[PDB]
Every structure is written in C-alpha cells, then in structure tokens.
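Novice: Contents of target.txt (compact mmCIF, C-alpha atoms and all ligand atoms):
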# COMPACT_ATOMS: atom_id res chain seq x y z
CA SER A 1 136.87 153.89 33.64
CA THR A 2 137.43 150.44 32.18
CA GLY A 3 136.14 146.90 32.60
CA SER A 4 137.57 143.48 31.79
CA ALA A 5 135.70 140.16 31.99
CA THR A 6 136.50 136.62 30.96
CA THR A 7 134.14 134.95 28.50
CA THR A 8 133.88 131.14 28.51
CA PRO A 9 132.54 128.66 25.92
CA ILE A 10 129.31 127.00 27.03
CA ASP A 11 130.32 123.62 25.59
CA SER A 12 133.10 121.74 23.82
CA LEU A 13 132.13 123.14 20.39
CA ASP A 14 132.17 126.86 21.30
CA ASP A 15 128.47 127.05 20.45
CA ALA A 16 128.27 130.29 22.44
CA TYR A 17 130.19 132.14 25.14
CA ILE A 18 129.02 133.31 28.56
CA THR A 19 130.33 136.21 30.61
CA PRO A 20 129.48 136.85 34.28
CA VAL A 21 127.48 140.05 34.89
CA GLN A 22 126.59 141.57 38.28
CA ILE A 23 123.03 142.90 38.52
CA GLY A 24 121.47 144.69 41.47
CA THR A 25 122.30 145.32 45.11
CA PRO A 26 123.51 143.07 46.60
CA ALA A 27 124.92 141.72 43.35
CA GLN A 28 123.18 138.87 41.58
CA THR A 29 125.64 137.29 39.15
CA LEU A 30 124.16 135.91 35.92
CA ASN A 31 126.06 134.41 32.99
CA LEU A 32 125.03 136.32 29.87
CA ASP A 33 125.67 135.83 26.17
CA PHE A 34 127.32 139.05 24.94
CA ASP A 35 125.77 139.68 21.53
CA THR A 36 127.07 142.32 19.14
CA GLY A 37 124.14 141.44 16.85
CA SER A 38 121.34 142.65 19.15
CA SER A 39 120.63 145.47 21.59
CA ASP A 40 118.58 144.11 24.50
CA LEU A 41 119.94 143.11 27.91
CA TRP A 42 117.43 140.51 29.06
CA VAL A 43 117.52 137.91 31.80
CA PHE A 44 115.78 134.88 33.17
CA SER A 45 114.01 136.14 36.27
CA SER A 46 111.63 135.49 39.13
CA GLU A 47 108.93 136.58 36.64
CA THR A 48 109.76 133.92 34.04
CA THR A 49 106.99 131.33 33.61
CA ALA A 50 108.09 128.56 35.99
CA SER A 51 107.80 125.71 33.47
CA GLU A 52 110.16 127.64 31.15
CA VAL A 53 113.01 127.76 33.68
CA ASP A 54 115.28 124.68 33.78
CA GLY A 55 118.57 125.24 35.59
CA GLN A 56 119.24 128.89 34.72
CA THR A 57 120.18 131.42 37.35
CA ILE A 58 117.45 134.03 37.71
CA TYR A 59 117.40 137.74 38.53
CA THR A 60 114.98 138.57 41.35
CA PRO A 61 114.33 142.31 41.26
CA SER A 62 112.43 142.27 44.58
CA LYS A 63 115.73 141.30 46.28
CA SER A 64 117.62 144.25 44.76
CA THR A 65 117.46 147.51 46.70
CA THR A 66 118.43 149.44 43.56
CA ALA A 67 115.85 147.84 41.20
CA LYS A 68 113.00 150.01 39.97
CA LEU A 69 110.14 148.95 37.70
CA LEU A 70 110.24 150.93 34.47
CA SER A 71 106.54 151.63 34.48
CA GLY A 72 104.62 150.59 31.40
CA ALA A 73 107.66 149.29 29.54
CA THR A 74 107.60 145.95 27.74
CA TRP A 75 109.93 144.18 25.35
CA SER A 76 109.75 141.34 22.85
CA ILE A 77 112.52 139.99 20.66
CA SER A 78 113.00 137.35 18.02
CA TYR A 79 116.38 136.14 16.81
CA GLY A 80 117.53 134.82 13.45
CA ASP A 81 117.22 131.20 14.56
CA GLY A 82 113.53 131.61 15.40
CA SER A 83 114.05 131.78 19.18
CA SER A 84 112.32 134.51 21.19
CA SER A 85 111.62 136.03 24.59
CA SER A 86 109.55 138.87 26.05
CA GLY A 87 108.62 140.56 29.30
CA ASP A 88 108.77 143.77 31.31
CA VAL A 89 111.60 146.08 32.37
CA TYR A 90 113.50 147.24 35.44
CA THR A 91 116.33 149.66 35.82
CA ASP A 92 119.16 148.54 38.07
CA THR A 93 122.91 148.70 38.59
CA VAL A 94 124.83 146.45 36.20
CA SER A 95 128.56 145.74 36.38
CA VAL A 96 130.80 143.90 33.92
CA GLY A 97 134.38 143.16 34.87
CA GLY A 98 134.52 146.07 37.31
CA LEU A 99 132.75 148.60 35.05
CA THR A 100 129.48 149.82 36.57
CA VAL A 101 126.43 151.41 34.94
CA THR A 102 123.64 152.74 37.12
CA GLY A 103 120.11 152.91 35.74
CA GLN A 104 120.68 150.21 33.11
CA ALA A 105 117.53 148.76 31.57
CA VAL A 106 117.35 145.11 32.63
CA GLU A 107 114.67 143.37 30.63
CA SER A 108 113.00 140.69 32.74
CA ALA A 109 111.67 137.69 30.82
CA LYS A 110 108.12 136.59 31.44
CA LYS A 111 108.31 134.15 28.51
CA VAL A 112 111.16 132.44 26.69
CA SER A 113 111.10 129.98 23.80
CA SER A 114 111.95 126.31 24.31
CA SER A 115 115.48 126.66 23.02
CA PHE A 116 116.31 129.02 25.90
CA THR A 117 114.64 126.77 28.48
CA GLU A 118 116.57 123.79 27.17
CA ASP A 119 119.94 125.54 27.54
CA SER A 120 120.78 125.71 31.22
CA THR A 121 124.08 127.55 30.65
CA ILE A 122 122.74 130.88 29.32
CA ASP A 123 120.97 133.13 31.84
CA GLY A 124 120.19 135.86 29.28
CA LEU A 125 121.66 138.12 26.61
CA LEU A 126 123.63 141.36 26.79
CA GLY A 127 123.24 143.23 23.53
CA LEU A 128 126.13 145.25 22.11
CA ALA A 129 124.76 146.33 18.72
CA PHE A 130 123.42 149.89 18.30
CA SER A 131 120.66 151.07 20.61
CA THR A 132 118.39 151.79 17.63
CA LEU A 133 117.63 148.01 17.64
CA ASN A 134 116.51 147.91 21.27
CA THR A 135 112.97 146.50 21.50
CA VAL A 136 111.69 148.22 24.66
CA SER A 137 108.36 149.98 24.13
CA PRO A 138 107.13 152.70 24.38
CA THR A 139 110.51 154.21 25.34
CA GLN A 140 113.51 152.59 23.66
CA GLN A 141 116.42 151.88 26.00
CA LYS A 142 120.20 152.09 25.65
CA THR A 143 122.68 149.23 25.65
CA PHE A 144 125.17 148.73 28.44
CA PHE A 145 127.94 150.02 26.17
CA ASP A 146 125.90 153.05 25.10
CA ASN A 147 125.31 153.92 28.78
CA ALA A 148 128.95 153.35 29.77
CA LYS A 149 130.72 154.99 26.85
CA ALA A 150 130.99 158.59 28.10
CA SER A 151 132.66 157.30 31.28
CA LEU A 152 135.12 155.01 29.49
CA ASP A 153 138.77 155.96 29.02
CA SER A 154 138.20 155.38 25.28
CA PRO A 155 134.76 154.73 23.68
CA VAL A 156 135.52 151.16 22.66
CA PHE A 157 135.07 147.56 23.60
CA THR A 158 137.04 144.55 22.37
CA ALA A 159 136.19 140.90 21.79
CA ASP A 160 138.93 138.31 22.14
CA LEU A 161 137.13 134.98 21.87
CA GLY A 162 139.01 131.72 22.44
CA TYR A 163 139.02 128.56 20.36
CA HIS A 164 137.94 125.82 22.75
CA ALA A 165 139.16 128.10 25.56
CA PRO A 166 138.16 131.21 27.53
CA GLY A 167 138.73 134.70 26.18
CA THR A 168 138.10 138.31 27.15
CA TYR A 169 135.74 141.24 26.70
CA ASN A 170 137.35 144.57 27.56
CA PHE A 171 135.60 147.92 27.84
CA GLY A 172 137.33 151.27 27.53
CA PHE A 173 140.83 150.22 26.48
CA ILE A 174 142.79 148.24 23.93
CA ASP A 175 145.10 145.62 25.45
CA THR A 176 148.15 145.92 23.22
CA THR A 177 149.51 142.61 24.57
CA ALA A 178 146.47 140.66 23.31
CA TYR A 179 147.25 140.63 19.59
CA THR A 180 150.14 140.35 17.15
CA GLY A 181 151.10 142.87 14.49
CA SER A 182 148.81 145.85 13.93
CA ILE A 183 145.06 146.42 14.12
CA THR A 184 143.48 147.21 10.74
CA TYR A 185 140.44 149.46 11.01
CA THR A 186 137.59 149.38 8.52
CA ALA A 187 134.43 151.43 7.98
CA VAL A 188 131.11 150.61 9.62
CA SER A 189 127.56 151.33 8.52
CA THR A 190 125.09 151.70 11.38
CA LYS A 191 122.10 152.01 9.03
CA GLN A 192 120.70 148.58 9.97
CA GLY A 193 121.73 148.89 13.64
CA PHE A 194 124.60 146.40 13.31
CA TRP A 195 128.39 146.52 13.28
CA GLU A 196 128.18 146.20 9.50
CA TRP A 197 131.35 146.30 7.42
CA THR A 198 132.75 145.13 4.08
CA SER A 199 135.38 142.42 3.86
CA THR A 200 137.78 142.74 0.93
CA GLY A 201 137.75 139.05 -0.05
CA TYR A 202 138.76 135.53 0.86
CA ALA A 203 141.04 132.56 0.28
CA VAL A 204 140.53 128.85 0.84
CA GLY A 205 143.48 127.01 2.35
CA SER A 206 146.72 127.86 0.57
CA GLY A 207 144.78 129.11 -2.47
CA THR A 208 145.02 132.52 -4.08
CA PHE A 209 143.14 135.42 -2.52
CA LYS A 210 139.94 136.44 -4.29
CA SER A 211 139.34 140.18 -4.12
CA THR A 212 135.62 140.74 -3.72
CA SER A 213 133.49 142.93 -1.46
CA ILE A 214 131.49 141.02 1.14
CA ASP A 215 129.15 143.14 3.24
CA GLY A 216 128.32 141.56 6.57
CA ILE A 217 128.04 142.01 10.32
CA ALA A 218 130.44 141.31 13.17
CA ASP A 219 128.21 139.24 15.45
CA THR A 220 129.52 137.62 18.62
CA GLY A 221 126.04 136.19 19.23
CA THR A 222 126.06 134.00 16.09
CA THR A 223 128.05 130.75 16.28
CA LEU A 224 129.00 130.21 12.64
CA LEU A 225 130.35 132.09 9.62
CA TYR A 226 127.57 132.76 7.08
CA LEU A 227 128.75 133.88 3.64
CA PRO A 228 127.45 134.01 0.06
CA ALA A 229 126.72 130.65 -1.55
CA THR A 230 129.49 131.09 -4.13
CA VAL A 231 132.13 131.55 -1.41
CA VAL A 232 130.83 128.68 0.72
CA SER A 233 130.71 126.31 -2.27
CA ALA A 234 134.33 127.19 -3.12
CA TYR A 235 135.36 126.33 0.46
CA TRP A 236 133.55 122.98 0.74
CA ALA A 237 134.68 121.89 -2.74
CA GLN A 238 138.12 121.51 -1.16
CA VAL A 239 136.86 118.88 1.32
CA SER A 240 136.39 115.37 -0.10
CA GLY A 241 132.87 114.14 0.50
CA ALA A 242 131.47 117.45 1.75
CA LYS A 243 127.95 118.26 0.61
CA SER A 244 125.02 120.49 1.39
CA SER A 245 122.33 118.53 3.18
CA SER A 246 118.80 119.93 3.14
CA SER A 247 117.77 117.41 5.82
CA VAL A 248 120.53 118.46 8.24
CA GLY A 249 120.28 122.13 7.26
CA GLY A 250 123.67 122.96 5.78
CA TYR A 251 127.04 121.68 4.69
CA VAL A 252 128.24 118.47 6.28
CA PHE A 253 131.54 116.69 5.80
CA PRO A 254 133.13 113.38 6.74
CA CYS A 255 134.42 113.49 10.28
CA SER A 256 137.63 111.86 8.96
CA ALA A 257 138.49 114.98 6.94
CA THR A 258 141.25 117.46 7.61
CA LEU A 259 139.65 120.88 6.94
CA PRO A 260 141.46 123.67 5.09
CA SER A 261 141.81 127.13 6.61
CA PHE A 262 139.70 130.06 5.46
CA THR A 263 141.10 133.58 5.12
CA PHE A 264 139.05 136.77 5.07
CA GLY A 265 140.22 140.26 4.14
CA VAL A 266 140.09 143.36 6.28
CA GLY A 267 141.34 146.13 4.02
CA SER A 268 144.78 144.97 2.90
CA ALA A 269 145.10 142.74 5.99
CA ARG A 270 144.19 139.07 6.25
CA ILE A 271 142.67 137.03 9.10
CA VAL A 272 143.23 133.27 8.89
CA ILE A 273 140.66 130.92 10.40
CA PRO A 274 142.36 127.54 11.02
CA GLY A 275 140.56 124.51 9.61
CA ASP A 276 139.92 123.10 13.08
CA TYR A 277 137.76 126.16 13.90
CA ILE A 278 135.37 125.09 11.12
CA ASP A 279 134.59 121.66 12.67
CA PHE A 280 131.30 121.55 14.62
CA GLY A 281 131.40 117.83 15.22
CA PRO A 282 128.97 114.99 14.59
CA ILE A 283 125.51 115.97 13.39
CA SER A 284 124.07 113.58 16.02
CA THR A 285 125.83 111.57 18.69
CA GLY A 286 127.99 108.84 17.18
CA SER A 287 127.58 110.00 13.58
CA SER A 288 130.55 110.12 11.20
CA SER A 289 128.97 113.10 9.40
CA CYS A 290 130.17 116.40 10.87
CA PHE A 291 128.58 119.84 10.67
CA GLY A 292 130.47 122.64 8.97
CA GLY A 293 131.31 125.99 10.54
CA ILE A 294 131.03 127.93 7.27
CA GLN A 295 127.48 127.99 5.89
CA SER A 296 125.53 129.84 3.25
CA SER A 297 123.83 133.11 4.11
CA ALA A 298 121.45 132.72 1.14
CA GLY A 299 118.36 132.05 3.28
CA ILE A 300 119.19 134.77 5.85
CA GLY A 301 119.49 137.99 3.89
CA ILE A 302 122.75 139.09 5.50
CA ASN A 303 126.31 137.80 5.76
CA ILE A 304 127.37 137.13 9.34
CA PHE A 305 130.93 137.09 10.66
CA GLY A 306 130.02 135.05 13.71
CA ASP A 307 132.17 133.39 16.34
CA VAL A 308 133.98 131.10 13.87
CA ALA A 309 135.47 134.20 12.22
CA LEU A 310 135.74 136.51 15.22
CA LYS A 311 137.56 134.00 17.42
CA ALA A 312 140.45 134.03 14.90
CA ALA A 313 141.00 137.74 15.62
CA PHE A 314 141.28 140.43 18.24
CA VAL A 315 138.31 142.64 17.38
CA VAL A 316 137.84 146.30 18.28
CA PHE A 317 134.32 147.72 18.35
CA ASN A 318 135.08 151.44 18.13
CA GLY A 319 132.10 153.48 19.31
CA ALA A 320 133.54 156.88 18.47
CA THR A 321 131.23 159.46 16.86
CA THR A 322 131.83 157.67 13.57
CA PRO A 323 132.07 154.01 14.58
CA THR A 324 134.65 151.67 13.03
CA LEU A 325 135.79 148.06 13.46
CA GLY A 326 139.36 146.89 13.97
CA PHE A 327 140.80 143.43 13.40
CA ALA A 328 144.20 142.03 14.38
CA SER A 329 145.69 138.56 14.24
CA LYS A 330 146.57 137.00 17.59
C1 LIG B 1 121.33 136.07 19.50
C2 LIG B 1 120.53 135.25 20.27
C3 LIG B 1 120.22 133.98 19.82
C4 LIG B 1 119.31 133.08 20.62
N1 LIG B 1 119.52 131.68 20.32
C5 LIG B 1 120.64 131.03 20.77
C6 LIG B 1 121.54 131.66 21.62
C7 LIG B 1 122.67 131.00 22.06
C8 LIG B 1 122.91 129.70 21.64
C9 LIG B 1 122.02 129.07 20.75
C10 LIG B 1 120.89 129.73 20.33
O1 LIG B 1 122.25 127.82 20.25
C11 LIG B 1 123.58 127.35 20.48
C12 LIG B 1 124.02 127.65 21.88
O2 LIG B 1 124.02 129.06 22.13
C13 LIG B 1 120.75 133.59 18.60
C14 LIG B 1 121.54 134.47 17.89
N2 LIG B 1 121.83 135.70 18.32
Using structure tokens, write down the structure that the file contains.

Specialist:
Amino acid sequence: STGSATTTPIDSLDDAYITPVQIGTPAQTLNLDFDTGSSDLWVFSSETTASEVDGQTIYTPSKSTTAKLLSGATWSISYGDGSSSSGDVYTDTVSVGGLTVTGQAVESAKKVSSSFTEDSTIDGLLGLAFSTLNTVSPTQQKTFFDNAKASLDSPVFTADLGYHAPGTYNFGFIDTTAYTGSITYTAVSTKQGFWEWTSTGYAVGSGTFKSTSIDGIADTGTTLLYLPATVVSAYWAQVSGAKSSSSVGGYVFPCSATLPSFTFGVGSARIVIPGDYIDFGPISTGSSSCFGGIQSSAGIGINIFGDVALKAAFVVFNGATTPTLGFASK
C-alpha cells in the first residue's frame, strides 16, 4: 500500500504545516502537524477542557463506531518550546492520503497548554519519530508509520515541504518526479529516538564550504534551523546590522536586508537554503526588525534541522531494519 497527502503552511511565514487526517468511522477529518521529532498522535477532542478549545476541530470518539477506549492508558507530553498536552487514549481507524491503519492509538487531549489553544489551525500532532519516544503509559504505543510499515510497498515516508506553498507527505514510495539529481543517503542513530544524523558541514552564501561534523535531527515539527553558535555567528556576520537579541530571544536583522543563502552538507552532496527561507518577518507587527530563521542550538542541547532546512530538500525517512535518511535537491 501507499498514501499521499498534501501538507499546507498554517500562515504566511511557514510557521508549521498541517495535513488532513481521517479518524474514525464515519471519518472525522482533523488537520494535524506531522512531526518527525516526536512519537505521539494526539488530538483536540470532545474530552478537551472546554475553555482550552478555541476554533480547533475536535475528535469525538463517541461518534466513531470503530473507537475503543484503551483502558487505563494515559499520556502526557512536553515539547522543546515549553508547550504541553495530556489525556487518555483510544484506538481507532486512521487514514492519511488513502493509507489506512486500524487500531491506531489516538491520544485524546484532556488538557492543552495555552499556545495550543491560541492556535486555531492545528488540531493535534502526528508523531513520526521512533516509537520508543511515545509517552503512553503503562503500555507504550506505536506511531502511525510504525503500524503501517509492514503493509507499505517500501518501508519509507518522504517529506516535501513547500516554501510559502503546499507540499507533500508520501508513505510507501519515492516519487522520482519530485526532486532533481540523486538522493544522497546518510546514516541515522536511533539511540535518542530521533532521525538523528551528521551533516558534513556548511557554507554561507557564496563562501567556501567548511567541512565539519554537525550531529542533529531531521525535525518537521520544528520551524527553524538550530545549529551550533559558531556556525550561526558566521552566518549572521554576513548580514549588516544583524545581532543576537536576548530580549527577542535570538538573532534579528534589519528587514531591509537581503539575506545570503545557507548550504548544508549531506555526505558529499550539498543542500542550498535560499536566503528568503531564512526570513521570519517582523518581530512584532510594524517593526523593521525581522526574526532570523537560523538560530543557535546552544540553549537546547541538540542541533535541529527544522522546516527551514527540510523545505529546501526532498527528504526520505527510510524505516528499513537499519534506518537511514536521504536528501535531494528539488
Ligand atoms: C512539536 C510540537 C510543538 C508544539 N508547539 C508548537 C507547534 C506548532 C507551532 C508552534 C508551536 O508555534 C508556531 C506555529 O506552529 C513544537 C515543536 N515540536
């Protein structure tokens, strides 16, 4: 089997992407944030504290003839930005782009943090990291991909995120029309539960490539590119007036600037992130100070190849017995 679904930016900055997901019988379609940096599929629901729901579409398990309470199971998750959610668990039928999994754990939120409430466009998360990170207790549950993979034509999914435009998540096949040149595959460590790999270096604009190993994660659920402070300083030094602002929480730059590209290495291959991809717009409405899309990972403890990087590539998440990652230009 295969599946193919369009993923759409939630706003004009590509702050996140949402993908429609069918849950239950009859189908209830929710728009979920596909997140290769976590492993829980959770949704706003009829169980979510009423004051914490503000415009989201909810899953109502009592209206699904295939929903079953997973007795005694609870979940609770925190993300790197300090947001969180928790609740109980159902199993139900979940379909993405025509690919169906029966008995998928659907984690129903009883509580969500304010940031979720305040974002009407995201109805929940669909985790695509390794199932070892799943938070369900006392019986850990499998991701949608983990459940689907034996049925897939090939045990892979691909992320093809758009810049200020829709893109595609495919399951079970590689669309050879969706990229240019060849896909370069690179080793993955699953030891921390992530799609963790080592980039071979970087360049800033038309500058020379610096060969250096940068261990980090491919994370569709993180907006920005978080890299070591040395690398980030070298990038922003090429933008007149750019500076790190403790009050804003990262590098800012004059909105009048033209940003240089940023290249990252995948083996001997190179992925080029155009300068425009690194502009996250005014820090507050009407400001002439703009927020940068490349930020330091120093306070995080891990480097993160988030959407800013991934959207510049066609990315293969290869879930073979020994997982690997592939990157192609597009
Ligand atoms: C997974 C989940 C989260 C939760 N926080 C979050 C999720 C989506 C967002 C977001 C914030 O802020 C910008 C809009 O999209 C953050 C990172 N990885």

Novice: Produce as a PyMOL selection string the set of residues near ligand LIG 1 (chain B), where near means within 8 Å with all atoms listed in the file considered.

Specialist: chain A and resi 10+15-17+33+35+37-38+79-84+115-116+119+122+125+219-223

Novice: Measure the distance from atom CA of residue A:157 to atom CA of residue A:280 in Å and round it to one decimal.

Specialist: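 Taking atom CA of residue A:157 and atom CA of residue A:280, their separation equals 27.8 Å.
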
Novice: Write out as a VMD selection string each polymer residue whose atoms come within 10 Å of stretch 287-300 of chain A, counting only C-alpha atoms; drop sequence neighbours fewer than 3 positions from it.

Specialist: chain A and resid 80 to 81 216 223 to 233 235 to 236 241 to 245 248 to 257 259 262 275 to 284 303 to 309

Novice: Save out the residues we just selected, C-alpha atoms, as a short mmCIF file (atom, residue, chain, number, x, y, z; two decimals), keeping the file's coordinate frame.

Specialist:
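Here's the written file selection.cif:
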data_model
loop_
_atom_site.label_atom_id
_atom_site.label_comp_id
_atom_site.auth_asym_id
_atom_site.auth_seq_id
_atom_site.Cartn_x
_atom_site.Cartn_y
_atom_site.Cartn_z
CA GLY A 80 117.53 134.82 13.45
CA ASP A 81 117.22 131.20 14.56
CA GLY A 216 128.32 141.56 6.57
CA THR A 223 128.05 130.75 16.28
CA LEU A 224 129.00 130.21 12.64
CA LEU A 225 130.35 132.09 9.62
CA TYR A 226 127.57 132.76 7.08
CA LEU A 227 128.75 133.88 3.64
CA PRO A 228 127.45 134.01 0.06
CA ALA A 229 126.72 130.65 -1.55
CA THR A 230 129.49 131.09 -4.13
CA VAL A 231 132.13 131.55 -1.41
CA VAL A 232 130.83 128.68 0.72
CA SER A 233 130.71 126.31 -2.27
CA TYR A 235 135.36 126.33 0.46
CA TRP A 236 133.55 122.98 0.74
CA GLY A 241 132.87 114.14 0.50
CA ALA A 242 131.47 117.45 1.75
CA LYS A 243 127.95 118.26 0.61
CA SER A 244 125.02 120.49 1.39
CA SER A 245 122.33 118.53 3.18
CA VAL A 248 120.53 118.46 8.24
CA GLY A 249 120.28 122.13 7.26
CA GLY A 250 123.67 122.96 5.78
CA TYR A 251 127.04 121.68 4.69
CA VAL A 252 128.24 118.47 6.28
CA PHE A 253 131.54 116.69 5.80
CA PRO A 254 133.13 113.38 6.74
CA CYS A 255 134.42 113.49 10.28
CA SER A 256 137.63 111.86 8.96
CA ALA A 257 138.49 114.98 6.94
CA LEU A 259 139.65 120.88 6.94
CA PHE A 262 139.70 130.06 5.46
CA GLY A 275 140.56 124.51 9.61
CA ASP A 276 139.92 123.10 13.08
CA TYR A 277 137.76 126.16 13.90
CA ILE A 278 135.37 125.09 11.12
CA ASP A 279 134.59 121.66 12.67
CA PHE A 280 131.30 121.55 14.62
CA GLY A 281 131.40 117.83 15.22
CA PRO A 282 128.97 114.99 14.59
CA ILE A 283 125.51 115.97 13.39
CA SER A 284 124.07 113.58 16.02
CA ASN A 303 126.31 137.80 5.76
CA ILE A 304 127.37 137.13 9.34
CA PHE A 305 130.93 137.09 10.66
CA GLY A 306 130.02 135.05 13.71
CA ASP A 307 132.17 133.39 16.34
CA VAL A 308 133.98 131.10 13.87
CA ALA A 309 135.47 134.20 12.22
#

Novice: So, counting all atoms listed in the file, which residue among A:29, A:127, A:21, A:121 is closest to residue A:42?

Specialist: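 Ranking A:29, A:127, A:21, A:121 by distance to residue A:42, first place goes to A:127.
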
Novice: Tell me which residues come within 9 Å of (129.8, 151.4, 5.6), as a ChimeraX atom specification, counting all atoms listed in the file in the file's coordinates.

Specialist: /A:186-191,196-198,215,324

Novice: Take the residues from that selection and write them out as a PDB file, in the coordinates of the input, keeping C-alpha atoms.

Specialist:
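Output file part_23.pdb is given in full below:
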ATOM      1  CA  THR A 186     137.590 149.380   8.520  1.00  0.00           C
ATOM      2  CA  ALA A 187     134.430 151.430   7.980  1.00  0.00           C
ATOM      3  CA  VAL A 188     131.110 150.610   9.620  1.00  0.00           C
ATOM      4  CA  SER A 189     127.560 151.330   8.520  1.00  0.00           C
ATOM      5  CA  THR A 190     125.090 151.700  11.380  1.00  0.00           C
ATOM      6  CA  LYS A 191     122.100 152.010   9.030  1.00  0.00           C
ATOM      7  CA  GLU A 196     128.180 146.200   9.500  1.00  0.00           C
ATOM      8  CA  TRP A 197     131.350 146.300   7.420  1.00  0.00           C
ATOM      9  CA  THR A 198     132.750 145.130   4.080  1.00  0.00           C
ATOM     10  CA  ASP A 215     129.150 143.140   3.240  1.00  0.00           C
ATOM     11  CA  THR A 324     134.650 151.670  13.030  1.00  0.00           C
TER      12      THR A 324
END

Novice: Distance atom CA of residue A:44-atom CA of residue A:110, one decimal place?

Specialist: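 Computing the Euclidean distance for atom CA of residue A:44 and atom CA of residue A:110 yields 8.0 Å.
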
Novice: Hey, can you check how far atom CA of residue A:72 sits from atom CA of residue A:85?

Specialist: 17.5 Å

Novice: Skip residue A:184 itself and residues of its chain fewer than 2 positions away, then list as a PDB file with C-alpha atoms, keeping the file's coordinate frame all residues within 8 Å of it, counting only C-alpha atoms.

Specialist:
ATOM      1  CA  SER A 182     148.810 145.850  13.930  1.00  0.00           C
ATOM      2  CA  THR A 186     137.590 149.380   8.520  1.00  0.00           C
ATOM      3  CA  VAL A 266     140.090 143.360   6.280  1.00  0.00           C
ATOM      4  CA  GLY A 267     141.340 146.130   4.020  1.00  0.00           C
ATOM      5  CA  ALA A 269     145.100 142.740   5.990  1.00  0.00           C
ATOM      6  CA  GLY A 326     139.360 146.890  13.970  1.00  0.00           C
ATOM      7  CA  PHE A 327     140.800 143.430  13.400  1.00  0.00           C
ATOM      8  CA  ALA A 328     144.200 142.030  14.380  1.00  0.00           C
TER       9      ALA A 328
END

Novice: Have stretch 298-313 of chain A completed to N, CA and C atoms, please, and pass it along as a PDB file, keeping the file's coordinate frame.

Specialist:
ATOM      1  N   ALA A 298     122.480 132.477   2.155  1.00  0.00           N
ATOM      2  CA  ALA A 298     121.450 132.720   1.140  1.00  0.00           C
ATOM      3  C   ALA A 298     120.033 132.843   1.703  1.00  0.00           C
ATOM      4  N   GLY A 299     119.699 132.040   2.708  1.00  0.00           N
ATOM      5  CA  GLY A 299     118.360 132.050   3.280  1.00  0.00           C
ATOM      6  C   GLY A 299     118.139 133.043   4.415  1.00  0.00           C
ATOM      7  N   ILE A 300     119.127 133.903   4.658  1.00  0.00           N
ATOM      8  CA  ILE A 300     119.190 134.770   5.850  1.00  0.00           C
ATOM      9  C   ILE A 300     119.015 136.222   5.479  1.00  0.00           C
ATOM     10  N   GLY A 301     119.580 136.618   4.345  1.00  0.00           N
ATOM     11  CA  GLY A 301     119.490 137.990   3.890  1.00  0.00           C
ATOM     12  C   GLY A 301     120.633 138.878   4.336  1.00  0.00           C
ATOM     13  N   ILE A 302     121.582 138.325   5.087  1.00  0.00           N
ATOM     14  CA  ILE A 302     122.750 139.090   5.500  1.00  0.00           C
ATOM     15  C   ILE A 302     123.912 138.124   5.743  1.00  0.00           C
ATOM     16  N   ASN A 303     125.120 138.564   5.419  1.00  0.00           N
ATOM     17  CA  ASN A 303     126.310 137.800   5.760  1.00  0.00           C
ATOM     18  C   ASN A 303     126.680 138.070   7.210  1.00  0.00           C
ATOM     19  N   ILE A 304     127.110 137.026   7.908  1.00  0.00           N
ATOM     20  CA  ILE A 304     127.370 137.130   9.340  1.00  0.00           C
ATOM     21  C   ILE A 304     128.755 136.581   9.662  1.00  0.00           C
ATOM     22  N   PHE A 305     129.637 137.468  10.111  1.00  0.00           N
ATOM     23  CA  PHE A 305     130.930 137.090  10.660  1.00  0.00           C
ATOM     24  C   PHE A 305     130.700 136.768  12.133  1.00  0.00           C
ATOM     25  N   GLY A 306     130.275 135.531  12.377  1.00  0.00           N
ATOM     26  CA  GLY A 306     130.020 135.050  13.710  1.00  0.00           C
ATOM     27  C   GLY A 306     131.263 134.539  14.407  1.00  0.00           C
ATOM     28  N   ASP A 307     131.064 133.776  15.479  1.00  0.00           N
ATOM     29  CA  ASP A 307     132.170 133.390  16.340  1.00  0.00           C
ATOM     30  C   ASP A 307     133.297 132.665  15.604  1.00  0.00           C
ATOM     31  N   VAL A 308     132.963 131.807  14.639  1.00  0.00           N
ATOM     32  CA  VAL A 308     133.980 131.100  13.870  1.00  0.00           C
ATOM     33  C   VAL A 308     135.020 132.062  13.289  1.00  0.00           C
ATOM     34  N   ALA A 309     134.558 133.183  12.745  1.00  0.00           N
ATOM     35  CA  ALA A 309     135.470 134.200  12.220  1.00  0.00           C
ATOM     36  C   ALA A 309     136.080 135.047  13.325  1.00  0.00           C
ATOM     37  N   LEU A 310     135.250 135.546  14.238  1.00  0.00           N
ATOM     38  CA  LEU A 310     135.740 136.510  15.220  1.00  0.00           C
ATOM     39  C   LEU A 310     136.771 135.910  16.157  1.00  0.00           C
ATOM     40  N   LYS A 311     136.644 134.623  16.474  1.00  0.00           N
ATOM     41  CA  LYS A 311     137.560 134.000  17.420  1.00  0.00           C
ATOM     42  C   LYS A 311     138.984 133.897  16.856  1.00  0.00           C
ATOM     43  N   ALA A 312     139.133 134.014  15.535  1.00  0.00           N
ATOM     44  CA  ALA A 312     140.450 134.030  14.900  1.00  0.00           C
ATOM     45  C   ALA A 312     141.146 135.385  15.000  1.00  0.00           C
ATOM     46  N   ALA A 313     140.478 136.374  15.587  1.00  0.00           N
ATOM     47  CA  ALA A 313     141.000 137.740  15.620  1.00  0.00           C
ATOM     48  C   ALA A 313     140.824 138.373  16.994  1.00  0.00           C
TER      49      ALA A 313
END
